[PDB]
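Colleague: what would the 3D arrangement of this be:
(6 chains)
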Amino acid sequence: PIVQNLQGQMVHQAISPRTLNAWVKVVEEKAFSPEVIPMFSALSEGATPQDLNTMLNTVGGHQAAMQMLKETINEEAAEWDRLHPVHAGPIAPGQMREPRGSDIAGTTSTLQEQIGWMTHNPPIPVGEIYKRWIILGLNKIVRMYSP
Amino acid sequence: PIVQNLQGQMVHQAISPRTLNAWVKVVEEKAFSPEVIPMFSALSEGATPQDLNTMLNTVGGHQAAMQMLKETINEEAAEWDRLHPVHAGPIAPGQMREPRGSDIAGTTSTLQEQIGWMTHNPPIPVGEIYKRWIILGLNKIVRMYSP
Amino acid sequence: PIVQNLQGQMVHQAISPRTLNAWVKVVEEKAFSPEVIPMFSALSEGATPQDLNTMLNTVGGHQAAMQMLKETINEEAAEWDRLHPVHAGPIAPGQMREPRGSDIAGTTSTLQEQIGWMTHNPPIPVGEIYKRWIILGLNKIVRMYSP
Amino acid sequence: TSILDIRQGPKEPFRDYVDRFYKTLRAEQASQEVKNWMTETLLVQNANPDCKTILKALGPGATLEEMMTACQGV
Amino acid sequence: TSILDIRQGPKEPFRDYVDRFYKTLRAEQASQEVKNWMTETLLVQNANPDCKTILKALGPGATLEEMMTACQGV
Amino acid sequence: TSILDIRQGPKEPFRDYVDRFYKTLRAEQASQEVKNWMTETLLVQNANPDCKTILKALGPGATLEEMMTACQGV
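Modeller: Residues are numbered from 1 along each chain as shown, chains lettered A, B, ... in the order given. Here you go, the structure:
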């Protein structure tokens, strides 16, 4: 995640193993139950896309759901690209590039790039955009997996 | 691992016992399952070759796989030496030596040497080269151990 | 152990209880298995002789092995004294004394003395000398305790 | 076990089968286009006659929540 | 137990035997060259007749994934 | 399970039923106004005759502690 250091700057720090394991354990115990979404939300505080793929990729089991989510993440990403067209002409030397759906999904962007966008002024909340897609896709799952 | 200190320099710090044990427990529980690879990747963040041999050497069980991996690590290392020939003439006093496959595997290099290469400017990512060999060899295993 | 402080000096800090207990638990679970040796090696990082006797003395069970090790430690120590004779004439006021086998085994030396030797310039690696004796004696045990 | 060996039982819920499919698909490393081909093809083909019948009625263009709710009583 | 005493059962999968071999090989401390000699030699020699037959057909130059997939039905 | 399928048993305490209701209501994602409509309507409607009778006597304007204490002996 990207956290604030004592000095008063935003720097990246790694997520903790008993945080990781707590994510694992939630999924083990409460599967598709709604409490998973606030839980997720708390444990995703200050998290990167990269950390969010890590969390999704480290799941075991419920592979039908994991595939449905993936496909929702790509749909929501396809929709990001649709709604926000690429911008006019070449990229400025003085500036950094606008993200695509795949940069938001973490796929085409690097960590330093993910830190550029979030730490820069104005900052862009690529975590929160992926977060809604995850929560939206979580609703899809919850609604389906209701019996 | 080699971590950044508060002062703003990269220094080595030892890996933690409940990190060690978490590595052990993953292997105990999920054996050859794919979730082992992101899991590995997270727990290998900022890790040395030396720490990576420690993790491989501390395995118990699955010795057929452990041997297949070893032999993959040496093949990938043999390939490193092939692709990157040794350089022209004697080593400069002002400079430090280029790594071989066995330095990447941690075998012929010392820790201080592993810290020289990674901390120096430009830095060389000998962890990430071993990491791909581990992940590649993990694919070999996963594909075989599918039933 | 003797660790580097934030200020940039080498100072002694005590070993942790869940480190201690992790040493205990390894021995409980894996007895004489080879994984014990890398495991030992990691948990002995930056350790003193004094801490190494603490670890050996805190064992319960496997007393035949513990005696075989002791006797190996004394043999290896007797050998240290043989190979390295005491030096010519009286000890200088400006200098500190050379170690014997029993100083390496921690027996005749005090902690402050163990910190003098290791922290001083040149430093002498009395941990690593005891470590080889422990590993050598571990090979003896492993080879015997193979069935 | 190979992906071709993944098939739906005569009493096995589709759901439990679809889970098995994307687990085994999870151990296939092929190009995405090939894996798309496997998805639309092999899944239905090794599905049981009763659900297979059901899935034929959904037509093409169908998505996983609709397939999964479609074969629920079967 | 000594490395010479490691042998494959008449009904034991090779796989379970190869695991036993590199565990015991893991408790041998000999030079690498000697341990290479042990690998190519002793493993096949104490392998059962049915797999032994199979392994003779792989010829030399063979690697562990190919041996391990070669004696799978046996 | 659908919200319409939530009903009170003939021997089931209301309390255990109300818990089931706001759990299932917790998995409904509808506008608040609709969920208010569901609250005043469906809860009483699928309540058992003995408590249903009781709840009719509370009249309208009633709140959950008063409903919950009202159907306690039932």
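Colleague: all the strands of chain A, in order from the start?
Modeller: A:2-4, A:10-12 (DSSP state E).
Colleague: buried ones in the last one?
Modeller: Of all the residues in strand A:10-12, those buried under the rule 16 or more other Cβ atoms under 10 Å in any protein chain shown are residue A:12. Just so you know, the C-beta spots here come from the backbone N, C-alpha and C atoms, and that holds for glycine as well.
Colleague: what about that strand, near chain B?
Modeller: No - for strand A:10-12 and chain B, the contact criterion (Cβ under 8 Å from any Cβ of the partner chain) is not met; the two come no nearer than 8.8 Å.
Colleague: neighbouring contacts of that strand?
Modeller: A:1-5, A:48, A:111, A:115, A:118-119 (Cβ atoms under 8 Å, 6 or more residues apart in numbering or on different chains).
Colleague: thinking again about what came up before, turn the strands of chain A into a markdown table, including distance to residue F:39.
Modeller: Formatted as a markdown table, the strands of chain A follow (distance: least, Cβ to Cβ, whole Å):
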| stretch | distance to residue F:39 |
| --- | --- |
| strand A:2-4 | 42 |
| strand A:10-12 | 44 |
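Colleague: out of those, flag the one nearest residue B:133.
Modeller: strand A:10-12 (25.8 Å; Cβ to Cβ).
Colleague: distance between that closest one and the chain's centre?
Modeller: In terms of Cα atoms, centre = their mean, to the nearest Å, the centre of strand A:10-12 is found 17 Å from the chain centre.
Colleague: quick check, central residue of chain D?
Modeller: residue D:43 (2.8 Å; Cα atoms, centre = their mean).
Colleague: could you verify that that one is part of a helix?
Modeller: Yes - using DSSP: H, G, I helix; E, B strand; the rest coil, the assignment for residue D:43 is a helix.
Colleague: which bits of chain D sit near chain F?
Modeller: When proximity is defined by Cβ under 8 Å from any Cβ, chain D lies next to chain F nowhere.
Colleague: which stretches of chain D form helices?
Modeller: D:14-26, D:32-45, D:49-58, D:64-70 (DSSP state H).
Colleague: could you dump these to a markdown table with distance to chain A?
Modeller: Converted to a markdown table, the helices of chain D look like this (distance: least, Cβ to the nearest Cβ, whole Å):
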| stretch | distance to chain A |
| --- | --- |
| helix D:14-26 | 4 |
| helix D:32-45 | 9 |
| helix D:49-58 | 15 |
| helix D:64-70 | 5 |
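Colleague: related to what we said a few turns ago, distance of the closest residue to the residue nearest to the centre of chain D other than its chain neighbours from chain C?
Modeller: In space, and not counting its chain neighbours, residue D:43 is closest to residue D:21: 5.8 Å by Cβ to Cβ, 6 or more residues apart in numbering or on different chains. Relative to chain C, residue D:21 is positioned 38 Å away (criterion: Cβ to the nearest Cβ, to the nearest Å).
Colleague: residue D:34 versus the closest residue to chain D within chain A, what's the distance?
Modeller: For chain A, the residue closest to chain D is residue A:63, as judged by Cβ to the nearest Cβ, at 3.8 Å. As for residue A:63, its distance to residue D:34 is 18 Å (criterion: Cβ to Cβ, to the nearest Å).
Colleague: these two - which one has more neighbours?
Modeller: More crowded of residue A:63 and residue D:34, by other Cβ atoms under 10 Å in any protein chain shown: residue A:63, with 18 against 10.
Colleague: give the full set of residues in contact with that one.
Modeller: If a contact means Cβ under 8 Å, 6+ apart, then residue A:63 has D:19, D:21-23, D:25-26 as its contacts.
Colleague: my read: the residue nearest to residue D:43 touches residue D:6, true?
Modeller: Yes - because the distance of 5.6 Å satisfies Cβ atoms under 8 Å, residue D:21 is recorded as touching residue D:6.
Colleague: which of those two has more neighbours?
Modeller: Regarding residue D:21 and residue D:6, a neighbour count based on other Cβ under 10 Å identifies residue D:21 as having more, with 23 against 18.
Colleague: now do the contacts for the more buried one.
Modeller: By Cβ under 8 Å, 6+ apart, the neighbours of residue D:21 are A:63-64, D:6, D:42-43.
Colleague: ChimeraX command to pick out the buried ones of the contacts of strand A:10-12?
Modeller: Command for ChimeraX that selects the buried part of the contacts of strand A:10-12, burial taken from 16+ other Cβ under 10 Å:
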select /A:1,2,48,115,118
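Colleague: out of the contacts of strand A:10-12, which are close to chain E?
Modeller: Those of the contacts of strand A:10-12 which are also neighbours of chain E - as judged by Cβ under 8 Å from any Cβ - do not exist.
Colleague: report how many residues lie close to residue 35.
Modeller: Reading this off chain A. Summarising burial for residue A:35: neighbours were counted as other Cβ under 10 Å, giving 11.
Colleague: switch to chain D, please.
Modeller: Each residue near residue D:35 was counted by other Cβ under 10 Å, and the total is 13.
Colleague: quick one: check stretch A:131-139 for contact with chain F.
Modeller: Yes - using Cβ under 8 Å from any Cβ, we find that stretch A:131-139 touches chain F at residue A:139.
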